[PDB]
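K.L.:
Residue numbers (the authors' numbering), protein chains in the order written: chain A, 8 to 9, 11 to 27, 27A to 27C, 28 to 95, 95A, 96 to 105; chain B, 1 to 52, 52A, 53 to 82, 82A to 82C, 83 to 99, 100A to 100P, 101 to 112; chain C, 1 to 75; chain D, 1 to 75; chain E, 1 to 75; chain F, 1 to 501; chain G, 211 to 259; chain H, 63 to 111; chain I, 211 to 259; chain J, 63 to 111. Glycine included, every Cβ here is placed at the ideal spot set by N, Cα and C.
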Amino acid sequence: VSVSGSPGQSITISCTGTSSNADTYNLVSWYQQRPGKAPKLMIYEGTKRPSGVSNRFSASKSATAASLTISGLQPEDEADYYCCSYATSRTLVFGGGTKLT
Amino acid sequence: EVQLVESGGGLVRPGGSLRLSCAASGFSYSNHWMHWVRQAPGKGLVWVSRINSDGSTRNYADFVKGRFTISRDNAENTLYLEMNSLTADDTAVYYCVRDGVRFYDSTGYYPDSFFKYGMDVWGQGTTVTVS
Amino acid sequence: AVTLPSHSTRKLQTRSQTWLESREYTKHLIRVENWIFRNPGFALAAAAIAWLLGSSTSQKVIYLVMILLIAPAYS
Amino acid sequence: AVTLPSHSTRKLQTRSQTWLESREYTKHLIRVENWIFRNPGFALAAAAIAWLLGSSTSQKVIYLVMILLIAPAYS
Amino acid sequence: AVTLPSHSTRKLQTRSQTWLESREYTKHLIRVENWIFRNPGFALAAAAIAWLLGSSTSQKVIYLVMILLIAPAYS
Amino acid sequence: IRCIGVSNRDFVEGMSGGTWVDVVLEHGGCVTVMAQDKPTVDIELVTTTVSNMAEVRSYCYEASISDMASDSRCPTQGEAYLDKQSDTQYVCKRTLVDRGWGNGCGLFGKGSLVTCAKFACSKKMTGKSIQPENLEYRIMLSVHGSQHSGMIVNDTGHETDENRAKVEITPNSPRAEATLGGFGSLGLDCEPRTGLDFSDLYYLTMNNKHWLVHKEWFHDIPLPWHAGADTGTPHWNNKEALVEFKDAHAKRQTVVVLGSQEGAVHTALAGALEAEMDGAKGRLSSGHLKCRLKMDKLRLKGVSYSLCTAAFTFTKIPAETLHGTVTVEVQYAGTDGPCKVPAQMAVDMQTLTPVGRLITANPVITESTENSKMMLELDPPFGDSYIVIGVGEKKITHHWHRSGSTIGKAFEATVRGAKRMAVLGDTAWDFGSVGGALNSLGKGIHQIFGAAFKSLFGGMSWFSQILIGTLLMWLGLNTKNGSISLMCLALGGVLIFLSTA
Amino acid sequence: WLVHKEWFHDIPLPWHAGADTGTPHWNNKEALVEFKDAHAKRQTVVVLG
Amino acid sequence: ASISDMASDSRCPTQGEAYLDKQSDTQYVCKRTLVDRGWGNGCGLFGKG
Amino acid sequence: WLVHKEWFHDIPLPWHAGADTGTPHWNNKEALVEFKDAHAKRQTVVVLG
Amino acid sequence: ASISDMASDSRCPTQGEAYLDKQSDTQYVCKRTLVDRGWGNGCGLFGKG
């Protein structure tokens, strides 16, 4: 639901779906929403980072969960983070979201 | 850069109808998938629906049991979301989203199962209030 | 659909006129006459196929007529 | 109206499929088969009217088939 | 269901043993031997049906063998 | 590029005039023209639009009858008279009815009864004429070579791309040139007027569905009709076949309408082309064109580039098209600027002997950056082979195996030729028509035999044709003459035309 | 109309089977819908008029 | 007849067969066919989809 | 096992197709349920084991 | 396989054909047949149901 961090440190936000084909996390996408701002995507296809998004953000995935890692935390980083993936072949679903302070 | 602009959001009574619109410019609108997502006040993001380039394929989430109807006009670069029988649970900000990752498939038509995606281009969202 | 079996097969017979009676005769006659008036070359080919079949003259003329009636309906 | 000339006479030919292509085969076969299945006795009547006509065996079987086609369309 | 087509038709041929390589020969022979053991008189009926067909002795013995193989599988 | 996956494409390999090569393009497929020293060009017809058609003879397929009226004459009088009879918006039918001493007219002869009803139409179909003008064919060109992987199916950027072109052809300007920057210019000389034999095809619309329709089938349809462009309230002709004047027990007439007549027209339109329409323009979905390709100003971009000396990688290894050609996508790691890609098909890597054919061109990598991507397709030999890329000790190699044998390839080529002829007539004789004396005589005799075969037969559709095919097969088997050869050939023609499907 | 039997069983249109009670289901679902396809790369569904 | 919200699916050159979740409904007409795919549509292989 | 295609297509059992998403649907409804009839309008449904 | 709550419906010798409301579901197997009826079970006429 929430994670706390200090400037300069690294924080990892996890995303887990229960019993979904053990495939899903290959396609999980990570989105950032700062307070009062339009959502911005930081990660797609599980681990690929778009151009323009800082190299500070990184992503990892397994057969059971996905993880988003932010090293060298900055005061900007405080925001809501959402993971999203396929519920079925024709659907999309966003996670519960984590508020990073 | 591409800019998406929502329109049509406003106060309406429970059970009313409402037509949201989305104006796009600056890219090949006729070739990208489009999405409607929502976020309730003080709540998280909730995916609503998606449509193809031509409008052949339309996918809706489970909470919309046929209440919503997504459509588009590529010649006008316009997206539409018809809404019928509104309730209070749907009062929220609706974001119009462009799907460019599919644009692998520059046609934006073939709706493969579990195709790669990630939503980076969002509109500012329009507020709908069912009160 | 496409088939829609005609009901004149089971014509209900009574003193009162049926649903579409005044049209049957010219119905079939007109269909065949129009189809032939469009494509005469098939009249020639049917004459030839009839002539190459059938020993006597009567069988040849009957073959001509039956081909000229089968082809318009593609039955 | 009743007649309505079919367009398959002038079948427009090209690589792409036509309006109703998947239906022609079973269209005609289904019409004939259903009509014969409804009225069996005409099979016997056609066999007799064939056997009385035509010398050889092949000519008589051709007659039987042509009658059994021309009747279900009442062509 | 009932049919479940046998896979030995497409026997994957390779140096290693297959799934059930111990049972094929005994399988077919056991089925035939058991069925003939249970119902003998059909041997007589097959002898008669074979004897009525086929001129020489070789053809008659071949027809007998083929009947006795085609009956137990009810193929 | 633009042709790779189409699965209905054929190669027009060969150019024996040093120049133009005739080619016939269809909506279904696409043509890849490859020459001796000229880059492999891919051509495809995309859409044919028709605009501002004139309107002729619209039909009314849903009638409505407003108000009935009737008049009876008490047998020894004149004739039953209604003033409505003179109005041409009303249907009037005259019959005889039993009268006398019950109805108040003293006599017992038959009397005259006239019934009239107002005819008011509903939604209805329009036919329009396709003149040779205002017909525009859109032809897309693309070129093999340095193309990326995705660029085979991209949407726009034609003017920027420098390897793809779009040509519009109308009978006002049949001849055009596609300017491919760096490759020169490819000239197309086409005959639009004789494409699909328009001037026999009307454009038919009912309600947001549009077809092509033969002039004869349209002129022979029984329904209410009025010629010319419509407006206001029309004057319907033949205001019948939708109105039924049925008779009661010799004492009345009742007037009924036949409902909506639309499914009957839909199933009557069996074997006609579909079409789609946006705005005034309507884009057909099937046709064919005959364009000769003046390739006298095509150059080769790659020549006079040194070979690349770096290492190559396989991003997605190889794909195999339906026709057997192999598509490879190579990634280049070094930075040598634009340079040739050394690629070939080989067996016995000890001595690399070129086997097979490389159908792309002089492969090049255009960009000069760290990592570049290119795509090339090659035609393998029927045995097992190796795809070799690179020069020495860094040459990436792949194993590739093609199934067919040359006899199978020749058989499939003859089958493709047969289907093309069955579809196109003599214009199939004009497919790869470099142009000689044998080809012209073939085309001439095919024209004559086709005219005869279309005049005699060609009023049949997949069942009359199959039946007459079997009948002529038999009669030719057992007629005992040279007419056996005549009839067996007629059977072959008809039955192939049938089983092409 | 009065309509013979054996003309009211072999007629090719989508047919229900009696009492329309809740949600309708038609057994044929055929002869009323035409599944054309474009040149090998699409599909389109239309209804008869 | 009257028709409604069309939908479609397609799953490759070498995978199984397409399956919409609206095929498990007795109100939808559904047809299954083959389409040309590969190198221009999203899936690397060239058979019929 | 390694099975030869054309033996994994001519097999008579309820067959799904590919994507397992939610509540599955088998397009067979035959060869695994036996609808055995009684007498005097009695009908019974059994499964094969 | 595994089976579940059976159900059934019958009709008058003349009334038409049976239709259960669970036939419009793609998860149920349904079979239709003829049953002897009349004056004993509840519907007066003696044809097959």
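State the start and end residues of the unbroken beta strand (DSSP E) segment that holds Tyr81/J.
P.N.:
In the tenth sequence, counting from the first residue as 1, residue 81/J sits at position 19. Where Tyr81/J is concerned, there is no enclosing beta strand (DSSP E), given that its DSSP letter is neither H nor E.
K.L.:
Under 8 Å between beta-carbons, which chain C residues line up against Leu69/D? List them in chain order, please.
P.N.:
Here residue 69/D is taken as the residue at index 69 of the fourth sequence, counted from 1. Those within 8 Å of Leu69/D in chain C are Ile70, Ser75.
K.L.:
Please identify the residue among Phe62/B, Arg66/B, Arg71/B whose C-alpha is closest to the C-alpha of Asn52/B.
P.N.:
As a first step, residue 52/B is located in the second sequence; it is residue number 52 there, counting from the start. The option with the nearest alpha carbon to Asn52/B is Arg71/B.
K.L.:
Tell me, please, whether the segment 188-208 of chain F touches the segment 251-258 of chain F by the rule of three or more beta-carbon pairs shorter than 8 Å.
P.N.:
They do not touch, by the three-pair rule.
K.L.:
Does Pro318/F come out as helix, strand or coil in the three-state DSSP assignment?
P.N.:
Along the sixth sequence, one-based indexing puts residue 318/F at 318. If DSSP states are grouped into helix, strand and coil, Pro318/F belongs with the strands.
K.L.:
Which of the residues in the segment 216-240 of chain I, read from start to end, lie with their CB under 7 Å from any CB of chain A?
P.N.:
Listed in sequence order: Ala229, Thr231, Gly232.
K.L.:
Only counting the same chain, and skipping five residues up and downstream in sequence, which positions put a Cβ closer than 7 Å to that of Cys291/F?
P.N.:
As a first step, residue 291/F is located in the sixth sequence; it is residue number 291 there, counting from the start. Excluding positions up to five away in sequence, the list reads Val23, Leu25, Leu188, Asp189, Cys190.
K.L.:
At a cut of 8 Å, does the segment 46-57 of chain E reach the segment 396-413 of chain F through at least three beta carbon pairs?
P.N.:
The answer is no - the segment 396-413 of chain F does not touch the segment 46-57 of chain E, with fewer than three Cβ pairs under 8 Å.
K.L.:
Could you tell me whether the segment 96-106 of chain J touches the segment 228-246 of chain G, using the rule of 3 or more Cβ pairs below 8 Å?
P.N.:
They do not touch, by the three-pair rule.
K.L.:
Looking at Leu273/F: is its Cβ nearer than 8 Å to the Cβ of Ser285/F?
P.N.:
In the sixth sequence, residue 273/F corresponds to position 273, counting from 1. In the sixth sequence, residue 285/F corresponds to position 285, counting from 1. Yes, the pair counts as a contact, with Cβ atoms nearer than the cut-off.
K.L.:
Which first and last residues belong to the alpha helix (DSSP H) in which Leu64/D is found?
P.N.:
Within the fourth sequence, residue 64/D is the residue found at index 64, counting from 1. Run containing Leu64/D: 57-70, per the alpha helix (DSSP H) assignment.
K.L.:
I want to verify the contact list: residues of chain D whose CB lies under 7 Å from the CB of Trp462/F, in sequence order.
P.N.:
Against the sixth sequence, residue 462/F aligns to sequence position 462. The answer, in chain order, is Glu24, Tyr25.
K.L.:
Looking at chain J, is there any beta carbon in it that lies within less than 8 Å of the beta carbon of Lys246/I?
P.N.:
Position 36 of the ninth sequence, counted from the start, is the residue given in the question as residue 246/I. No, because no Cβ of chain J sits closer than 8 Å to the Cβ of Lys246/I.
K.L.:
Kindly list the residues whose CB is nearer than 7 Å to the CB of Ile75/A, restricted to its own chain and excluding five residues on each side of it in sequence; keep chain order.
P.N.:
By one-based count along the first sequence, residue 75/A stands at place 70. Contacts found: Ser18, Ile19, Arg61, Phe62, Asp82.
K.L.:
Considering only residues of the same chain and omitting the five flanking positions on each side of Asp37/F, which have a CB-CB separation below 7 Å?
P.N.:
Here residue 37/F refers to the residue found at position 37 of the sixth sequence. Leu300, listed in sequence order.
K.L.:
According to DSSP, is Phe183/F helix, strand or coil?
P.N.:
Along the sixth sequence, read from residue 1 onward, the residue named residue 183/F stands at position 183. If DSSP states are grouped into helix, strand and coil, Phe183/F belongs with coil.
K.L.:
In chain G, which residues lie less than 9 Å from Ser7/F when you measure between Cβ atoms?
P.N.:
Locating residue 7/F in the sixth sequence gives position 7, where the first residue counts as 1. What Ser7/F touches in chain G: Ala250.
K.L.:
With 16 other CB atoms within 10 Å as the buried threshold, where does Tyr90/B fall?
P.N.:
Taking the second sequence and counting its residues from 1, one reaches residue 90/B at position 94. Looking at its Cβ environment, which holds 16 or more other Cβ atoms inside 10 Å, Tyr90/B is buried.
K.L.:
Let's see if you can read the secondary structure: which residues bound the beta strand (DSSP E) around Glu24/C?
P.N.:
The residue given as residue 24/C occupies position 24 in the third sequence. Not the beta strand (DSSP E): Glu24/C falls in the alpha helix (DSSP H), residues 24-38.
K.L.:
Alpha carbon to alpha carbon, how far is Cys92/H from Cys74/J? Give it in angstroms, no decimals.
P.N.:
In the tenth sequence, residue 74/J corresponds to position 12, counting from 1. In the eighth sequence, residue 92/H corresponds to position 30, counting from 1. Each residue's alpha carbon lies about 34 Å from the other.
K.L.:
Report yes if the C-beta distance between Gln85/H and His219/I is below 8 Å; otherwise report no.
P.N.:
What you label residue 85/H is simply residue 23 of the eighth sequence in a count that begins at 1. What you label residue 219/I is simply residue 9 of the ninth sequence in a count that begins at 1. Their beta carbons are not under 8 Å apart, which means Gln85/H does not touch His219/I by this criterion.
K.L.:
Which one of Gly42/B, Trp47/B, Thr110/B, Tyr100N/B has the shortest CA to CA distance from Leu32/A?
P.N.:
The count along the first sequence starts at 1 and reaches residue 32/A at position 27. Comparing Cα positions, the closest option is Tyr100N/B.
K.L.:
Starting from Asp100B/B and walking both ways along the alpha helix (DSSP H), at which residues does that stretch end?
P.N.:
As a working note, residue 100B/B is residue 105 in the second sequence. From DSSP, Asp100B/B is part of no alpha helix (DSSP H); its letter is neither H nor E.
K.L.:
Flag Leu258/G as yes if its beta-carbon sits less than 8 Å from any beta-carbon of chain F, otherwise no.
P.N.:
The count along the seventh sequence starts at 1 and reaches residue 258/G at position 48. Cβ-Cβ to chain F under 8 Å: yes for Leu258/G.
K.L.:
Rounded C-beta distance between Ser30/B and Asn73/B? I'm assuming under 8 Å.
P.N.:
Stepping through the second sequence from its first residue, residue 30/B is reached at position 30. Stepping through the second sequence from its first residue, residue 73/B is reached at position 74. About 4 Å separates the two Cβ atoms, so the contact holds.
K.L.:
Could you tell me which uninterrupted beta strand (DSSP E) segments, each at least 3 residues in length, are contained entirely in the segment 40-84 of chain A, listed from first to last along the chain?
P.N.:
With a minimum length of 3 residues, the continuous beta strand (DSSP E) runs that stay inside the segment 40-84 of chain A are 45-48, 62-66, 71-75.
K.L.:
So that I know if they touch, is there some Cβ in chain I lying closer than 8 Å to that of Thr93/A?
P.N.:
Residue 93/A sits at position 88 when you count from the first residue of the first sequence. So yes, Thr93/A belongs to the interface.
K.L.:
How long is the line joining the alpha carbons of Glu377/F and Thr479/F, rounded to whole angstroms?
P.N.:
What you label residue 377/F is simply residue 377 of the sixth sequence in a count that begins at 1. What you label residue 479/F is simply residue 479 of the sixth sequence in a count that begins at 1. Those two C-alpha atoms are separated by around 55 Å.
K.L.:
Would you call the segment 15-27 of chain C and the segment 24-41 of chain B in contact, with 3 or more CB pairs under 8 Å?
P.N.:
Not touching, per the Cβ criterion.
K.L.:
Decide if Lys11/D is buried, meaning its Cβ has at least 16 other Cβ atoms within 10 Å, or exposed.
P.N.:
Here the question's residue 11/D lines up with position 11 in the fourth sequence. The residue is buried, with at least 16 neighbouring Cβ atoms inside 10 Å.
K.L.:
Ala422/F lies in the alpha helix (DSSP H); which residues open and close that run?
P.N.:
The count along the sixth sequence starts at 1 and reaches residue 422/F at position 422. Here the alpha helix (DSSP H) through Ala422/F covers 406-424.
K.L.:
Compute the distance between the beta-carbons of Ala50/E and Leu64/E, then report whether it is under 8 Å.
P.N.:
What you label residue 50/E is simply residue 50 of the fifth sequence in a count that begins at 1. What you label residue 64/E is simply residue 64 of the fifth sequence in a count that begins at 1. The answer is yes: Cβ separation under 8 Å.
K.L.:
In three-state DSSP terms, what is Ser112/F?
P.N.:
For the purposes of this step, residue 112/F is taken as the residue at position 112 of the sixth sequence. Three-state result, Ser112/F: strand.
K.L.:
Pull up the CB-CB distance for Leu18/B and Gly26/B, whole angstroms please, since I reckon it's below 8 Å.
P.N.:
By 1-based counting over the second sequence, the position of residue 18/B is 18. By 1-based counting over the second sequence, the position of residue 26/B is 26. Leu18/B to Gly26/B, Cβ: 27 Å. No contact.
K.L.:
Should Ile36/C and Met66/D be called a contact, given that it needs their Cβ atoms to be closer than 8 Å?
P.N.:
Position 36 of the third sequence, counting from 1, holds the residue named residue 36/C. Position 66 of the fourth sequence, counting from 1, holds the residue named residue 66/D. No. Outside cutoff.
K.L.:
Distance, Cα to Cα, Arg420/F vs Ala428/F?
P.N.:
Within the sixth sequence, residue 420/F is the residue found at index 420, counting from 1. Within the sixth sequence, residue 428/F is the residue found at index 428, counting from 1. Those two C-alpha atoms are separated by around 6 Å.
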